[PDB]
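Throughout the sequence shown, residue numbering follows PDB author numbering, covering 4 to 125, 127 to 261 in sequence.
All C-beta atoms, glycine included, are put in the ideal place defined by N, C-alpha and C.
For reference, the structure is listed below as structure tokens.
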Amino acid sequence: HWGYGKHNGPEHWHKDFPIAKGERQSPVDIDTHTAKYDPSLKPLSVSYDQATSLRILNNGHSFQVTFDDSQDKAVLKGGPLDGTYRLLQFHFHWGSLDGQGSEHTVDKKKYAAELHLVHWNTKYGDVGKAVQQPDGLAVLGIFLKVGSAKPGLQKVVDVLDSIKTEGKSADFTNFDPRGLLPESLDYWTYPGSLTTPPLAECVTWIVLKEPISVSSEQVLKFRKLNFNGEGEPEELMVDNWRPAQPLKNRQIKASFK
Ligand SMILES: NS(=O)(=O)c1ccc(O)c(NC(=O)NCc2ccncc2)c1
Ligand SMILES: [Zn+2]
Numbered sequence: 004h005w006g007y008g009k010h011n012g013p014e015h016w017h018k019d020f021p022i023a024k025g026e027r028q029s030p031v032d033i034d035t036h037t038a039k040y041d042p043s044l045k046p047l048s049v050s051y052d053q054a055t056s057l058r059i060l061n062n063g064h065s066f067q068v069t070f071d072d073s074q075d076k077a078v079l080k081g082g083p084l085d086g087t088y089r090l091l092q093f094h095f096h097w098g099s100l101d102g103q104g105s106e107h108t109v110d111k112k113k114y115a116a117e118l119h120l121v122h123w124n125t127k128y129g130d131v132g133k134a135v136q137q138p139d140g141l142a143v144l145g146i147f148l149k150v151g152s153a154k155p156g157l158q159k160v161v162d163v164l165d166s167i168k169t170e171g172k173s174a175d176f177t178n179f180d181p182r183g184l185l186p187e188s189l190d191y192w193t194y195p196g197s198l199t200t201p202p203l204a205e206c207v208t209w210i211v212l213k214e215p216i217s218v219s220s221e222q223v224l225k226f227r228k229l230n231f232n233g234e235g236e237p238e239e240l241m242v243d244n245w246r247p248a249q250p251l252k253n254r255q256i257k258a259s260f261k
């Protein structure tokens, strides 16, 4: 029912998900001058060495690669996290044009896309219990800009033709998530929400300072995807991003001076 068009887009979501006007909603603009360097933060430790990708799926608002999370195979720990968070999926948000597409903004600058890597707190047992917890989820957000091609993205790009419309999935084994990470792991962090319905306020956002670059041909193939399912009017999947929400009583902390 909810979507990203004029009639079902982010400005209507509060009618079905009243938490959309809550206190810790996401995304936000990261004012880099008002973020506080916090030395009490630990380095991010990404242990994706034994990650097990399963499928890629068009869910009708994005495409999503899923992982086997029944074991500590790909985990995130450190940073502002307490405990161990298992990788569950990643997905992308992107625009119709290269000057918009990201959900988070940095000094009001929008990037061409955003990669979201979704992890959940193992102490809660499964992901459906974690999403009801104030600290149940950790999302690692990575900006994409348009420049040179990114090799570790090309395997995703090559299969997009197989999942063009909503509900299609394809096998997607032996994918390495480390190929999507920038060279530096400097980050901002703040407590937030999911950026799509149901917009649960369960996320510790970790947003990386350094973007990854992708080529225009690579992003062009993202925009060839469809919101609709097969046998329907053709709606290209673009501008699947929520606009920035007020920070309200929240401080953004930085891991880097
Ligand atoms: N962009 S995000 O903050 O990293 C993010 C991370 C994990 C998520 O699960 C979502 N949200 C969904 O996956 N919503 C599907 C759904 C829609 C309506 N009813 C039930 C389920 C957003
Ligand atoms: Zn997302």
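Residue closest to residue i, alpha-carbon to alpha-carbon, out of the options
i    : options                : result
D75  : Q53, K18, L184, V131   : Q53
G140 : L118, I216, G86        : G86
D101 : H94, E117, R89, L44    : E117
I216 : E187, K228, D243       : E187
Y88  : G8, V68, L47, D175     : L47
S56  : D19, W245, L120, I22   : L120
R254 : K39, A23, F93, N178    : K39
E234 : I167, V68, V163, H94   : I167
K24  : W209, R227, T199, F260 : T199
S219 : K159, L148, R182       : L148
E221 : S65, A115, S29, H17    : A115
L184 : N178, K154, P138       : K154
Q136 : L251, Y7, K18, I22     : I22
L144 : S197, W209, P247       : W209
Any non-hydrogen atom of ligand 1 closer than 6 angstroms to residue i Cβ
i    : result
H36  : no
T125 : no
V143 : yes
For residue j and residue i, believed in contact at Cβ under 8 angstroms, the rounded distance
i    : j    : result
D72  : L91  : 5 angstroms
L79  : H122 : 5 angstroms
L44  : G12  : With a Cβ gap of about 35 angstroms, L44 and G12 do not count as contacting.
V150 : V223 : 6 angstroms
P201 : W5   : 5 angstroms
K112 : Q103 : Not confirmed; about 10 angstroms, so no contact.
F66  : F95  : 7 angstroms
Residue i in three-state terms, based on DSSP
i    : result
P250 : coil
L240 : strand
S166 : helix
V31  : coil
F70  : strand
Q222 : helix
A258 : strand
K39  : strand
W245 : coil
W209 : strand
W123 : strand
Check: residue i C-beta below 6 angstroms from any heavy atom of ligand 2
i    : result
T199 : yes
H119 : yes
- Message: I'd like the ranges of any alpha helix (DSSP H) spanning at least 4 consecutive residues and lying wholly in the segment 128–207.
- Response: 131–134, 155–163
- Task: Jot down the residue ranges of each uninterrupted beta strand (DSSP E) in the segment 57–121, minimum 3 residues, whole runs only, in chain order.
- Result: 66–70, 78–81, 88–97
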